[PDB]
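**Student:** Here it is: the structure, laid out below.
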Amino acid sequence: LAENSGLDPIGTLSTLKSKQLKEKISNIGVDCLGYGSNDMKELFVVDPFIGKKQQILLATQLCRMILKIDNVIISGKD
Amino acid sequence: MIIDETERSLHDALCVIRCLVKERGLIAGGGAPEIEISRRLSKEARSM
Amino acid sequence: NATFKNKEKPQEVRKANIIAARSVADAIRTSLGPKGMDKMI
(Lines give C-alpha, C1' and ligand atoms only; values in the text may rest on other atoms or scores of the structure.)
Protein backbone atom coordinates (compact mmCIF):
# COMPACT_ATOMS: atom_id res chain seq x y z
CA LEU A 1 0.00 0.00 0.00
CA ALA A 2 2.82 2.42 0.83
CA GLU A 3 4.58 1.63 -2.45
CA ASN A 4 1.39 2.16 -4.46
CA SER A 5 0.63 5.43 -2.65
CA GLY A 6 3.99 6.96 -3.60
CA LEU A 7 5.43 6.71 -0.08
CA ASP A 8 8.74 5.10 0.85
CA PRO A 9 7.59 1.58 1.80
CA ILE A 10 10.63 0.87 4.00
CA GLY A 11 10.12 4.03 6.03
CA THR A 12 6.33 3.79 6.04
CA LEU A 13 6.14 0.21 7.34
CA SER A 14 8.72 0.90 10.05
CA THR A 15 6.95 4.09 11.14
CA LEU A 16 3.58 2.32 11.33
CA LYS A 17 5.02 -0.58 13.33
CA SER A 18 6.87 1.75 15.71
CA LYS A 19 3.78 3.90 16.28
CA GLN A 20 1.59 0.85 16.93
CA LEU A 21 4.18 -0.85 19.18
CA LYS A 22 5.99 1.73 21.33
CA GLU A 23 3.57 4.66 21.62
CA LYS A 24 0.25 2.82 21.94
CA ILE A 25 -2.04 0.30 20.27
CA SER A 26 -4.17 2.14 17.71
CA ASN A 27 -5.31 2.02 14.07
CA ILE A 28 -2.52 3.59 12.00
CA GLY A 29 -2.38 2.72 8.31
CA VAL A 30 -1.11 3.89 4.93
CA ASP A 31 -2.52 7.27 3.88
CA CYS A 32 -3.42 6.08 0.39
CA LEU A 33 -5.96 8.90 -0.05
CA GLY A 34 -5.42 12.57 0.69
CA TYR A 35 -5.35 12.88 4.48
CA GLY A 36 -3.89 15.41 6.88
CA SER A 37 -2.37 12.77 9.16
CA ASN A 38 -2.02 9.08 9.98
CA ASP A 39 -4.06 7.17 12.59
CA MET A 40 -7.02 6.16 10.42
CA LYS A 41 -9.02 5.87 13.67
CA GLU A 42 -9.52 9.64 13.35
CA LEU A 43 -9.88 9.39 9.55
CA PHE A 44 -12.67 6.80 9.94
CA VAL A 45 -11.31 4.43 7.29
CA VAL A 46 -13.23 1.31 8.34
CA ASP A 47 -13.61 -2.11 6.72
CA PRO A 48 -15.70 -5.10 7.86
CA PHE A 49 -14.03 -7.44 10.34
CA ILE A 50 -15.51 -10.57 8.78
CA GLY A 51 -14.24 -9.43 5.38
CA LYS A 52 -10.67 -9.24 6.66
CA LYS A 53 -11.08 -12.59 8.43
CA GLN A 54 -12.31 -14.18 5.20
CA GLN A 55 -9.42 -12.63 3.27
CA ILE A 56 -6.88 -14.04 5.74
CA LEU A 57 -8.51 -17.48 5.73
CA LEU A 58 -8.65 -17.59 1.93
CA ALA A 59 -5.01 -16.51 1.64
CA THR A 60 -3.90 -19.17 4.12
CA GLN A 61 -5.95 -21.88 2.41
CA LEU A 62 -4.62 -20.90 -1.02
CA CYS A 63 -1.03 -20.91 0.26
CA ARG A 64 -1.57 -24.37 1.74
CA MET A 65 -3.21 -25.61 -1.47
CA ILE A 66 -0.30 -24.47 -3.63
CA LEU A 67 2.23 -25.73 -1.08
CA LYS A 68 0.62 -29.18 -0.72
CA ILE A 69 0.90 -29.92 -4.47
CA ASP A 70 4.26 -31.49 -5.30
CA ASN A 71 3.88 -32.79 -8.88
CA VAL A 72 2.18 -31.40 -11.99
CA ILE A 73 1.34 -33.58 -15.01
CA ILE A 74 0.01 -32.00 -18.22
CA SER A 75 -1.18 -34.24 -21.05
CA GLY A 76 -0.06 -33.57 -24.59
CA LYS A 77 -2.06 -32.26 -27.53
CA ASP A 78 -3.15 -34.06 -30.69
CA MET B 1 57.41 -34.75 14.12
CA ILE B 2 57.61 -34.24 17.89
CA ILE B 3 59.33 -30.87 17.55
CA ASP B 4 57.06 -29.76 14.69
CA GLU B 5 53.91 -30.60 16.66
CA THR B 6 55.33 -28.93 19.77
CA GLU B 7 56.09 -25.78 17.77
CA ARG B 8 52.58 -25.68 16.30
CA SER B 9 50.94 -26.31 19.68
CA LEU B 10 53.05 -23.63 21.37
CA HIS B 11 52.21 -21.19 18.57
CA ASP B 12 48.50 -21.84 19.11
CA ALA B 13 48.89 -21.42 22.88
CA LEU B 14 50.80 -18.17 22.39
CA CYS B 15 48.05 -16.88 20.09
CA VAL B 16 45.40 -17.74 22.69
CA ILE B 17 47.39 -16.05 25.46
CA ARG B 18 47.89 -12.98 23.27
CA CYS B 19 44.14 -12.84 22.66
CA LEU B 20 43.64 -12.96 26.43
CA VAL B 21 46.26 -10.25 27.02
CA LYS B 22 44.80 -7.80 24.51
CA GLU B 23 41.26 -8.37 25.86
CA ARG B 24 41.14 -10.25 29.16
CA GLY B 25 38.47 -12.92 29.47
CA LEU B 26 36.94 -15.86 27.60
CA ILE B 27 33.52 -16.59 26.12
CA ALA B 28 31.62 -19.82 25.58
CA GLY B 29 32.22 -21.60 22.28
CA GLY B 30 29.89 -23.50 20.01
CA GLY B 31 28.14 -20.40 18.69
CA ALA B 32 26.41 -19.54 21.98
CA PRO B 33 27.51 -15.87 21.93
CA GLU B 34 26.39 -15.60 18.30
CA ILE B 35 22.90 -16.88 19.16
CA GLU B 36 22.63 -14.66 22.24
CA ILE B 37 23.78 -11.56 20.36
CA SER B 38 21.41 -12.31 17.49
CA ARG B 39 18.47 -12.68 19.88
CA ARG B 40 19.30 -9.50 21.78
CA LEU B 41 19.79 -7.48 18.58
CA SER B 42 16.52 -8.79 17.13
CA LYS B 43 14.69 -7.81 20.32
CA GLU B 44 16.29 -4.36 20.41
CA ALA B 45 15.81 -3.52 16.72
CA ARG B 46 12.03 -3.44 17.26
CA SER B 47 12.50 -0.02 18.91
CA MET B 48 14.35 1.36 15.86
CA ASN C 1 7.11 2.32 -7.81
CA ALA C 2 9.73 3.62 -10.25
CA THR C 3 13.50 4.09 -10.05
CA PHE C 4 16.13 5.82 -12.16
CA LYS C 5 16.56 4.26 -15.59
CA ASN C 6 20.35 4.11 -15.13
CA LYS C 7 21.42 3.56 -18.73
CA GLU C 8 24.85 2.89 -17.25
CA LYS C 9 24.51 0.48 -14.31
CA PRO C 10 27.27 0.75 -11.69
CA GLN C 11 25.14 -1.61 -9.59
CA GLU C 12 26.33 -4.42 -11.89
CA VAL C 13 29.85 -4.01 -10.48
CA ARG C 14 28.52 -4.33 -6.93
CA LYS C 15 26.43 -7.36 -7.91
CA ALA C 16 29.46 -9.09 -9.43
CA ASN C 17 31.64 -8.27 -6.41
CA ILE C 18 28.99 -9.58 -4.01
CA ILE C 19 28.54 -12.76 -6.07
CA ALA C 20 32.28 -13.46 -6.13
CA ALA C 21 32.73 -12.73 -2.42
CA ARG C 22 29.73 -14.88 -1.46
CA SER C 23 31.01 -17.73 -3.64
CA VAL C 24 34.39 -17.59 -1.89
CA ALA C 25 32.69 -17.40 1.50
CA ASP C 26 30.51 -20.43 0.72
CA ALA C 27 33.56 -22.36 -0.48
CA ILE C 28 35.41 -21.60 2.76
CA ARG C 29 32.33 -22.16 4.96
CA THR C 30 32.28 -25.96 4.72
CA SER C 31 35.64 -26.17 6.57
CA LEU C 32 34.36 -24.57 9.79
CA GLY C 33 34.81 -26.52 13.00
CA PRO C 34 36.76 -29.69 13.80
CA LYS C 35 34.41 -31.64 11.50
CA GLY C 36 34.96 -29.32 8.54
CA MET C 37 35.44 -31.06 5.21
CA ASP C 38 38.89 -31.10 3.66
CA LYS C 39 39.62 -29.01 0.57
CA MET C 40 41.83 -30.12 -2.33
CA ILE C 41 43.78 -27.52 -4.31
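Labels used: A, B, ... for chains in the order of the C-alpha coordinates, numbers from 1 for residues in each chain, and numbers from 1 for ligands as shown.
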Sorted by chain and rising residue number, list the residues of chain C at most 12 Å from chain B (counting only C-alpha atoms), each with its closest atom pair and distance in Å to one decimal, as CSV.

**Tutor:**
```
residue,atom,partner,partner_atom,distance
C:32,CA,B:30,CA,11.2
C:33,CA,B:30,CA,9.1
C:34,CA,B:30,CA,11.1
```

**Student:** Once you have the residues from the selection above, write them out as a PDB file, in the first residue's frame, restricted to C-alpha atoms.

**Tutor:**
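The result, written out as again11.pdb:
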```pdb
ATOM      1  CA  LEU C  32      34.356 -24.567   9.790  1.00  0.00           C
ATOM      2  CA  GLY C  33      34.807 -26.523  13.003  1.00  0.00           C
ATOM      3  CA  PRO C  34      36.758 -29.689  13.803  1.00  0.00           C
TER       4      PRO C  34
END
```

**Student:** Enumerate as a PyMOL selection string the residues belonging to chain B that approach chain A to within 10 Å, with only C-alpha atoms taken into account.

**Tutor:** chain B and resi 46-48

**Student:** Restrict the calculation to only C-alpha atoms, then for each residue of chain C with any atom at most 12 Å from an atom of chain A give the closest atom pair and their distance in Å to one decimal, rows by chain and rising residue number, as a Markdown table.

**Tutor:**
```
| residue | atom | partner | partner_atom | distance |
| --- | --- | --- | --- | --- |
| C:1 | CA | A:3 | CA | 6.0 |
| C:2 | CA | A:6 | CA | 9.4 |
| C:3 | CA | A:6 | CA | 11.8 |
```

**Student:** DSSP on the backbone, then: every residue of chain A marked helix (DSSP H, G or I), written as number ranges by chain.

**Tutor:** A: 9-23, 40-43, 49-67
